[PDB]
Amino acid sequence: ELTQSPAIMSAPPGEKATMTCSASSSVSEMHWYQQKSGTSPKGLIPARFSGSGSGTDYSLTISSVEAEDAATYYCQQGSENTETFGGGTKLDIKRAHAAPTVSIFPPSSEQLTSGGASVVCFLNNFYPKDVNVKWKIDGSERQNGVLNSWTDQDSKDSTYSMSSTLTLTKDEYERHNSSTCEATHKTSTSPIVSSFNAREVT
Amino acid sequence: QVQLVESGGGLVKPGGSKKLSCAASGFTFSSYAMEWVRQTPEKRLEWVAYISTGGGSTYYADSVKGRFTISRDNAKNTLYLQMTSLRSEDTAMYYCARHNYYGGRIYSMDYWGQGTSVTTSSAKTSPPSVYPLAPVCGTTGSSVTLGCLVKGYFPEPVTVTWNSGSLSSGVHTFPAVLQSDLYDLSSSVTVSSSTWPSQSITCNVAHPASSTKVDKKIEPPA
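Read top to bottom, the protein sequences are chains A and B. FYI, our numbering numbers position 32 of the first sequence as 32, with every residue one higher than the one before it. FYI, our numbering numbers position 217 of the second sequence as 1217, with every residue one higher than the one before it.
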């Protein structure tokens, strides 16, 4: 088995970062790959990257780390390689805490004239990943009927984002008028809130 | 430049066959040993198959023994992968890679393709419903944010761009979320307040399986 030292690791820009790959068999060399957000893996081992390892234990070194290096890293083996890959390390980057930009959207005419009705609430560019969101409607905290999806570290911004989508039918959208999207975060104890009211059409 | 292009992927049902291909160019294909590497939705890179410089020796992984069959075509500069008894866990993003550094250290997967989606399920191929997300007001901010809801489609992937890719910075296309044999995705775009609604914005959706190239313009609801 080929095992990584950290499953996930964090380090701020400028500071050093090190991760090791340990096999269950001795080899003369070791490889490293970097897969970023949407792209495929790139063969790796700029002047930031370098390799250091003695016998079995190898490790990748990154001095002067930058926003670009926010990626998932995989190790594969050198001499004796049935070409298996390692467990993989997710390297995120430390950053000052950013308040999320909240934006709520009513369901379009196209969707309303097909039975359904989805209410989206974007929360873009924040830190850290942690973010609680309780959908409300007429002051009642909704629990189910919600499908969230988070982005991973931005390659240059180094900030996470999220899109929560409350999904209901056109009929169940009439019972309640005032739709609300609340959001909790480290930056402000007072939560970020954006809301809109139907029966008030534009 | 060197280039690798995977092809022939899509949807398959469990216990079915699907043949992939990797178009090679920019190098003497016959002087290199190719690799197939697949990646899960969980994103665990897993080597599946290998073939030598000219088909002299081939290896496989425990997962894909017997069922998978790697082959190549050096005349046409074309790698292949045949799949036989596909399972749900074979659903992955199938990458194609070279295997050659040759000197100081030894061999390595130096060049990779752009992947190709292979999905294993007995569910229906459904096209996407593109709904425009305009905000409920025309109030003044520093910048205004809009969106595009790619509702109820199957399978992955779906390609979302803004104004034919001209609008890129300040865009957030989120990961899809599968629920009841149906994926849902929703991209967002931030623009300066003076631009919209005075200037047009359009999300460009494309779902390969259904061949549905859609372009829905974002307008305010007055």
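All C-beta atoms in this analysis are idealised placements derived from N, C-alpha and C, irrespective of residue type, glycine included.
- Query: Is residue 1098 of chain B near residue 1083 of chain B, with beta carbons less than 8 Å apart?
  - Reply: A distance of 8 Å or more separates the beta carbons of residue 1098 of chain B and residue 1083 of chain B.
- Going by beta carbon distance, what residues of the same chain come within less than 8 Å of residue 1059 of chain B, once the five residues before and after it are set aside? Shown here for residue 1059 of chain B: same chain residues with a beta carbon closer than 8 Å to its own, the five before and five after excluded, namely 1049 and 1050 in chain order.
- Cα-Cα separation between residue 1165 of chain B and residue 53 of chain A, rounded to whole angstroms: About 43 Å.
- Item | Segment limits, alpha helix (DSSP H) that includes residue 110 of chain A | First-last of the alpha helix (DSSP H) with residue 110 of chain A: 109-112.
- Beta-carbon proximity list for residue 1107 of chain B, same chain, < 7 Å, skipping 5 on both sides: Hits under 7 Å: 1099, 1100 and 1101.
- Determine whether the Cβ of residue 12 of chain A lies closer than 8 Å to any Cβ atom of chain B. Any Cβ of chain B closer than 8 Å to the Cβ of residue 12 of chain A would place that residue at the interface, and such an atom is absent.
- How close, in whole Å, do the beta carbons of residue 1193 of chain B and residue 1217 of chain B come, if the pair is a contact with beta carbons under 8 Å? With a contact defined as Cβ atoms closer than 8 Å, residue 1193 of chain B and residue 1217 of chain B miss out at about 19 Å.
- Decide if the region 88-106 of chain A is in contact with the region 44-59 of chain A; the criterion is three or more beta carbon pairs, one per stretch, under 8 Å apart. Contact between the region 88-106 of chain A and the region 44-59 of chain A is absent: fewer than three C-beta pairs spanning the two stretches fall below 8 Å.
- Item | Close-in-space but distant-in-sequence residues of the same chain around residue 1152 of chain B (CB under 6 Å, 5 per side omitted) | Hits under 6 Å: 1129 and 1182.
- Beta-carbon neighbours of residue 1114 of chain B, restricted to chain A and to distances below 8 Å: Within 8 Å Cβ-Cβ: 40.
- Task: Apply the 10 Å Cβ neighbour rule to residue 238 of chain A and answer buried if 16 or more other Cβ atoms are within range, or exposed otherwise.
- Result: With chain A covering 1 to 202 only, the question about residue 238 of chain A has no answer from this structure.
- Item | Residue-chain proximity (residue 49 of chain A, chain B), Cβ-Cβ < 8 Å | Not one chain B Cβ lies under 8 Å of residue 49 of chain A.
- Item | Within-8 Å CB hit, residue 1105 of chain B to chain A | Closer than 8 Å to the CB of residue 1105 of chain B there is at least one CB belonging to chain A.
- Within the region 1023-1066 of chain B, note down every full beta strand (DSSP E) run reaching 3 residues or more, in order along the chain. Assignment of beta strand (DSSP E) within the region 1023-1066 of chain B, counting only whole runs of 3 or more residues, yields 1035-1039, 1045-1051 and 1058-1060 in chain order.
- Residues of chain B with CB under 8 Å from residue 89 of chain A, in chain order? Here the premise fails: no neighbours, minimum Cβ distance about 12 Å.
- Task: Work out the CA separation of residue 1003 of chain B and residue 1054 of chain B for me, nearest whole Å.
- Result: Their Cα atoms are separated by approximately 19 Å.
- Message: Within 8 Å, do at least three Cβ pairs link the region 185-195 of chain A to the region 1027-1041 of chain B?
- Response: By the criterion of at least three beta-carbon pairs nearer than 8 Å, the region 1027-1041 of chain B is not in contact with the region 185-195 of chain A.
- Query: How would you list, in chain order, the residues of chain B whose beta-carbon sits under 7 Å from the beta-carbon of residue 122 of chain A?
  - Reply: Proximity of chain B to residue 122 of chain A at the Cβ level (cut-off 7 Å) is accounted for by 1145, 1147 and 1188, in chain order.
- Message: Using CA atoms only, rank isn't needed, just tell me which of B:1148, B:1133, B:1207 and B:1114 is closest to residue 1154 of chain B.
- Response: Among B:1148, B:1133, B:1207 and B:1114, the Cα nearest to that of residue 1154 of chain B belongs to B:1207.
- Task: Would you verify that the beta carbon of residue 1215 of chain B is, or is not, closer than 8 Å to some beta carbon of chain A?
- Result: Interface with chain A (8 Å Cβ-Cβ cutoff): residue 1215 of chain B is excluded.
- Message: Is it buried or exposed, residue 165 of chain A, if we count other Cβ atoms within 10 angstroms and call 16 or more buried?
- Response: Of the other Cβ atoms in all chains shown, 16 or more fall within 10 Å of the Cβ of residue 165 of chain A; this residue is therefore buried.
- Under 8 Å Cβ-Cβ, which residues of chain A neighbour residue 1207 of chain B? The contacting residues do not exist; residue 1207 of chain B stays about 17 Å from chain A at best.
- Task: Put residue 29 of chain A into one of helix, strand or coil per three-state DSSP.
- Result: Three-state DSSP puts residue 29 of chain A in coil, outside helix and strand.
- Message: Helix, strand or coil for residue 1110 of chain B? Go by DSSP, reduced to three states.
- Response: Residue 1110 of chain B carries a coil assignment under DSSP once its states are collapsed to helix, strand and coil.
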